[PDB]
Structure formats: C-alpha cells, structure tokens
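Each chain, letter by letter, is given below.
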Amino acid sequence: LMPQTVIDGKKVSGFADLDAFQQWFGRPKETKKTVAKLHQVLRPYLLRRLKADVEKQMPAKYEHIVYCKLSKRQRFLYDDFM
Amino acid sequence: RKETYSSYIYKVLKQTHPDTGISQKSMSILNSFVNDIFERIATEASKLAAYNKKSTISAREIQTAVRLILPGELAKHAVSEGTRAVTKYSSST
Amino acid sequence: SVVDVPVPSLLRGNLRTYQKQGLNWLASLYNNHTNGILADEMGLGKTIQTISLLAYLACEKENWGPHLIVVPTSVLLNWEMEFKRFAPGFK
Amino acid sequence: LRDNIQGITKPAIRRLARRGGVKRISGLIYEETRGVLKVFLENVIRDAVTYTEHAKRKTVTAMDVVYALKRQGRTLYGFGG
Amino acid sequence: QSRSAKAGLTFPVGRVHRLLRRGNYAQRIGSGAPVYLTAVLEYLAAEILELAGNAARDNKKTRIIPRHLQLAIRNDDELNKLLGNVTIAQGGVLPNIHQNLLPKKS
Amino acid sequence: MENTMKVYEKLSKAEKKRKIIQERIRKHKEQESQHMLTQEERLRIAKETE
Amino acid sequence: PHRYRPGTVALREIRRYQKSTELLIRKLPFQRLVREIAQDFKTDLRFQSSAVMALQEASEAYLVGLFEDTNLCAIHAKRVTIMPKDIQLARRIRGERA
Ligand SMILES: Nc1ncnc2c1ncn2[C@@H]1O[C@H](COP(=O)(O)OP(=O)(O)O)[C@@H](O)[C@H]1O
Ligand code: BEF
Ligand SMILES: [Mg+2]
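Residues numbered from 1 in each chain as written, not as in the entry; some residues may be left out. Chains lettered and ligands numbered in written order. Part of a larger assembly, values for the part shown. Heavy atoms only, no water.

In the annotation of the PDB entry, chain G is listed under the name Histone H3 and assigned to Drosophila melanogaster. Within the Protein Data Bank, this record goes by the title "Cryo-EM structure of native SWR1 bound to nucleosome (composite structure)". Regarding chain G, the relevant UniProt record gives this comment under Sequence similarities: "Belongs to the histone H3 family." (UniProt positions renumbered as here; feature names shortened; annotations may be inferred.)

The name given to chain D in the PDB entry is Histone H4, with Drosophila melanogaster as the source organism. Heading Sequence similarities (unreviewed entry) of the UniProt record for chain D holds this comment: "Belongs to the histone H4 family."

(A) Focus on the interface of chain E and chain D. With 8 residues of chain E at the contact, the number on the chain D side is 9 residues. With both chains or domains summed, chain E and chain D bury close to 750 Å², and 57% of this area falls on carbon and sulfur atoms. The largest per-residue losses of area from chain E upon contact with chain D belong to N85, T87 and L101 of chain E, which jointly make up 47% of the total buried on that side. Linking chain E to chain D there are 3 residue pairs in polar contact. For the side of chain E that touches chain D, the residue count by class is 6 nonpolar, 2 polar and no charged. The pairing of strand β3 (residues 75-77) of chain D with strand β3 (residues 86-88) of chain E spans 3 bridges and is parallel. Opposite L76 of chain D, over in β3 of chain E, you have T87 of chain E as the bridge partner. (Contact = heavy atoms within 4.5 Å. Buried area = accessible area lost by both parts, 1.4 Å probe. Polar contact = N/O pair within 3.5 Å; in protein donor to acceptor, adjacent residues only side chain to side chain. Nonpolar A, V, L, I, M, F, W, Y, C, P; charged D, E, K, R; others polar. Pairing = 2+ DSSP bridges. Helix = DSSP H or I, 4+ residues; strand = E, 2+ residues; numbered from the N terminus.)

(B) Expanded view of the packing of aromatic side chains. All chains considered together, the criterion is met by 11 aromatic pairs over all chains. Grouping aromatic residues by their ring pairs yields a cluster made of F15, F21, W24 and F25 of chain A. (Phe/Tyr/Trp six-rings, centres within 6.5 Å; stacked < 30°, edge-to-face > 60°.)

(C) Spotlight on the interface of chain B and chain E. With 55 residues of chain B at the contact, the number on the chain E side is 50 residues. Summing the contributions of chain B and of chain E, the shared interface buries around 4,900 Å²; its carbon and sulfur component is 69%. Area buried by chain B at its contact with chain E is led by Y8, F38 and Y89 of chain B, which between them contribute 13% of it. The interface formed by chain B and chain E includes 3 salt bridges. Between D19 of chain B and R57 of chain E there is a salt bridge; the shortest N-O distance is 2.5 Å. Linking chain B with chain E are 21 residue pairs in polar contact. Of all the secondary-structure elements, those providing two or more residues to the side of chain B that touches chain E are α1 (6-16), β1 (21-22), α2 (24-51), β2 (56-57), α3 (59-69) and α4 (72-92) of chain B. (Salt bridge = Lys/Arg side-chain N within 4 Å of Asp/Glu carboxyl O.)

Encoded structure:
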C-alpha cells in the first residue's frame with residue numbers, strides 16, 4: 001500500500017521497517033490489546049463487514065463430521081507404513 | 001588477487017574510439033585472444049631459441065616468431081611497429 | 001467523514017444498502033488519494049462494489065482511463081460477464 | 001540412465017541445420033547427427049573428467065572444459081582460460 | 001618512470017616480462033623480447049578493436065558484443081586465418097545462402 | 001580503410017532517409033495531435049457500446 | 001486460406017535463425033545428457049551451470065561447422081536435401097572419421 005518511492009532522484013519511505021513492526025506487534029492477555037492496536041492501525045486501510053450483520057436472508061449453514069473405518073487393505077497399508 | 005588486461009584493452013579502445021563500449025563478455029573474449037596470441041608467440045620463441053641452441057630469447061626470437069605466426073602482410077606491419085617501439089625504447093636508454 | 005457520493009447512473013441492478021456504504025467508503029479513499037484494503041466475508045458483492053466505484057469515477061470524474069485489474073484465471077471470465085451485466089458501457 | 005541422447009529434440013537438430021542454411025533434411029540425419037554429437041561429447045567429457053581427476057577436486061570447472069577443448073584443437077573464448 | 005612509458009606502450013611491458021620469466025618459456029629473456037612482444041600485442045589489439053568498433057557502428061550500436069566481434073573477425077580473411085580454429089561464445093554465423101537455393105527461375 | 005568508407009556511406013544514406021521519414025512522421029504526428037474528445041460525445045459512444 | 005509454398009518458410013527461418021545469437025539447444029535436456037555421460041565416465045561428478053553452458057556452446061559450434069560442410073557437399077551432388085551419405089562423406093574428408 002505504501003512502498004518506498006523515488007522522487008526527484010531521492011528515496012522516501014512510506015511505511016515502518018518490518019523489523020520495527022515485528023518488535024512492536026509480533027513480540028507480545030497482552031495479545032488482545034496488541035490485536036486491538038493492530039485493528040486500529042488497519043482502521044483507515046481496512047473496511048471489515050460480516051455476513052450475519054450485513055444480511056439475514058440465508059444464514060442456514062450446517063457442518064457435519066463423518067467417521068470412516070479403514071478397509072482391511074487400507075488398514076494393513078497404514079500399519080505397514082508406520 | 002588476480003590480474004587482467006581489461007584495463008589496457010579499454011584504454012586502447014578509447015584511444016581508437018572514445019564513444020564505444022565493451023561488455024564483460026566481449027572484454028573477456030578480448031582478454032582470451034590476447035592471452036592465446038601471447039602464449040603462441042612465447043612458445044614459438046622458446047622453440048626457435050632451443051632449436052638454435054640459444055638460451056636467451058631476444059628481439060630476434062620474437063621477430064622471427066611473429067614472422068612465422070602472423071600472416072605475411074599483417075606480419076610485415078606488426079614487425080614494423082614493433083621495431084619502431086624497440087628502437088624508441090632503446091634510444092630512451 | 002465519508003461522503004454519501006451520488007449513485008452512478010451507469011449502475012445496472014440495485015446496489016444493496018451495505019454495498020452503497022462500501023461504495024461511499026471507496027470513494028472516500030479515492031478523494032483522500034489513499035490506497036485501501038477491502039475484505040468482506042466472502043459473498044457480499046465485492047465485484048459489484050468495484051463496478052460501482054469505477055462508475056463513480058465515470059460519472060463525476062469522467063475518468064474512464066485504462067484501469068488495470070489482475071485476477072486469477074478462473075474468475076476472469078466471470079469478471080468479464082459481470083462487467084457486461086453491471087455496466088456494459090465499459091470497454 | 002534411461003535415454004538422454006534421444007532427449008535432444010528433433011526441433012533442436014532442425015534449427016541447428018537451419019543455421020547451416022540447409023533447405024531440406026532427410027529423416028535419417030537425426031540418428032546420424034545424434035551419433036556424431038554423442039561421440040564428440042564422449043571424447044570432450046573424457047578429457048574433462050581426467051583433468052578434474054588430476055586437479056583432485058570433485059567438481060569439474062570451466063577451466064577443465066577449456067583445456068579439454070584446447071587439447072582437441074578447438075579454442076573457446078569468453079569463459080576464461 | 002614506468003618502462004611502458006619509456007617504450008611508449010599501453011600494455012604493461014613489466015608484467016609481460018614477469019610472465020615470460022615465470023612462464024618458464026626460456027631460461028633467459030633479452031630485454032628486447034618483452035618490448036617487441038608488447039608492441040606486437042598492442043598492434044593486433046588495435047586492429048581487432050578497430051574492426052569491432054566499425055562493425056558496432058554499422059549496426060548503429062555502440063557497445064561491442066560477440067555478434068559484432070565475430071562479424072569483425074570473419075570479415076578479415078587474415079584474422080580469420082589466425083583465428084581459424086577459434087570459437088567465439090555467442091558469436092553466431094555469417095549470412096551464407098547458395099545462389100542455387102534462391103526462389104524462382106533466374 | 002574500405003570498411004570505414006563503406007560504413008560512412010551507409011551512415012550518410014541512413015541519416016538522409018532518417019531525416020526524410022522524420023519529417024513525414026512528424027507531419028503525421030502533428031496532424032493526429034489535433035484530435036480531441038468531449039465528454040458528451042464520449043457518453044454517446046458509451047451508450048452505443050451499452 | 002493463404003499458404004506459403006514449400007521452402008518459403010524455409011528461407012524465412014534461415015534468415016531469422018542466422019540473425020539470432022541465442023543458444024539453440026534446450027538447456028535442461030543438454031544438462032541431463034552431459035550428466036549421464038559423465039556418470040558413465042565416473043559416478044558422482046558435480047557440474048556447475050557454467051561448465052555445461054560452455055560445453056553446450058562448444059557442441060553447437062562443432063555441429064554447425066559440420067552442417068556447413070555438409071551443406072556445401074550436398075549441393076555438389078546437385079541435390080538440395082542432405083542425406084546421411086553427405087554426413088559420413090564430410091566427416092571422413094574432415095579426417096574426423098578416419
Ligand atoms: N444487488 C444485487 N442483486 C443481485 N445479486 C447480487 C447483488 N449484489 C451482489 N450480487 C451477487 O453476489 C455475488 C457475489 O459475487 P462476488 O462479488 O464475486 O463475491 P464476493 O462478494 O465474495 O467478492 C455475485 O455473483 C452477484 O451475482
Ligand atoms: F470474495 Be468473493 F466471494 F469472490
Ligand atoms: Mg471476490
């Protein structure tokens with residue numbers, strides 16, 4: 001979004017050094033406050049919206065988990081491989 | 001540490017033609033042919049010296065090696081220029 | 001703050017309210033001369049909002065200049081289709 | 001290991017001949033060209049390998065290739081040596 | 001003062017002497033041999049470079065590239081005779097088409 | 001010396017043909033630059049494309 | 001539909017490829033070939049890219065020289081297509097085959 005740019009033969013930096021960014025945010029309950037500060041930083045650049053708030057037409061989403069037994073051949077190959 | 005003829009090649013080229021440049025590929029090719037011709041002349045002079053049983057290579061050895069290696073017209077002008085250079089150096093004493 | 005910029009006349013179909021809000025926010029970034037990241041929980045109409053932004057650039061700013069969009073291969077044709085659908089005036 | 005000599009594509013030979021200015025090529029040329037090429041490479045690489053053995057180094061170098069070519073009576077410029 | 005200057009030679013006559021001595025080509029080297037060799041090498045370089053530059057200018061280019069250098073060397077019969085066994089990387093080949101291959105009737 | 005003569009002649013003929021075609025293309029460029037597009041006609045073209 | 005006559009594209013590409021300088025044989029297949037050959041000569045010999053590139057240059061030069069010689073030879077037989085006999089004859093007269 002804000003890269004280093006050359007103007008009139010000179011370089012101008014648009015954004016903080018990656019190392020400084022890592023030092024401030026990446027190094028650290030404090031994680032919640034750091035994430036909140038990150039969100040604050042994004043606030044100019046980022047517009048975030050969620051389906052449930054935006055619309056209520058088709059909320060119906062369902063997730064199911066299926067358990068599968070290994071076939072004798074598959075079981076054998078798995079055991080052998082390990 | 002190493003050494004190369006590239007500097008002198010650039011110098012002489014500029015003296016012939018200030019506006020023209022050389023890439024490393026061409027520069028290395030030039031260095032290589034200069035090296036090859038130098039080895040050729042030196043080995044010919046070594047042979048001619050050993051054949052006449054002389055231990056000291058000389059202006060004569062190089063003269064005759066250049067006579068042999070270079071084509072006759074190119075040889076004639078090369079020897080002419082070499083003679084001029086040698087005589088001017090000797091006169092510098 | 002963000003200004004409720006006029007709806008582009010070139011708009012085909014109905015921008016939903018939230019899509020209008022997103023349009024206005026993009027136009028605000030343009031007026032601020034600032035680049036932006038736009039992340040919607042997928043399936044909200046990012047692409048129609050892109051159309052609406054370009055159309056706002058079209059009506060008010062007259063700037064149909066040669067804009068560039070770089071995109072995965074699969075969605076590319078769908079993008080072409082949606083350009084036809086939402087604003088067929090774009091070459 | 002499998003067959004690399006066939007791997008040199010027919011278009012490669014065709015374009016090489018194209019540089020040679022030949023109008024048309026009989027199909028049999030491809031096998032003969034491959035044989036000639038392989039023989040040449042065999043000789044050159046043999047010389048390069050023995051040179052590398054003499055150096056005692058495990059890696060062959062451009063210098064070894066230059067010396068191998070020179071021994072064959074072929075001179076290459078630009079790669080040094 | 002450098003011996004090159006006293007001779008008036010661009011190439012490093014001293015380095016040439018060093019190479020000839022170290023190069024074990026001969027037991028002894030007369031002081032006239034390095035100056036003669038140096039002058040010869042300088043002359044040859046002068047011609048080849050002149051030809052390369054002329055070729056480059058022909059292309060309307062200004063940096064000598066192996067294409068131009070190859071053209072230069074092969075254009076001169078006697079330089080070809082010297083370099084008849086020399087291959088130039090990226091040298092390419094001369095334009096050569098046989099008259100019998102040209103399209104249509106004469 | 002003959003190579004230098006050949007290249008010099010080539011350069012001179014190149015220069016003359018160059019300047020002639022330069023005049024031609026400059027006339028074409030100046031005659032093309034005159035064109036301009038108004039918003040209204042741009043819009044109508046848009047409608048046609050619509 | 002328009003279609004060039006046999007040999008028109010021939011000459012066209014002759015010109016084109018004669019002009020160009022770029023190396024003609026595909027790099028990776030050549031590298032595989034040379035690696036195999038070296039493995040035949042001695043196992044586990046490492047090759048850096050510069051060495052294979054130089055060898056590929058040399059190979060191209062040798063091949064193109066042979067092609068030139070064979071092209072000159074073939075037309076002497078009044079033909080315009082080279083045949084294997086031209087390859088073996090040229091190679092033998094070169095003193096490579098014998
Ligand atoms: N106002 C609208 N009327 C009808 N369909 C719409 C409207 N806005 C968006 N859509 C549908 O929403 C879909 C979202 O597609 P797309 O924008 O590519 O996904 P995302 O919003 O995740 O980027 C589109 O295919 C479009 O058909
Ligand atoms: F963000 Be989407 F669904 F392309
Ligand atoms: Mg999307």
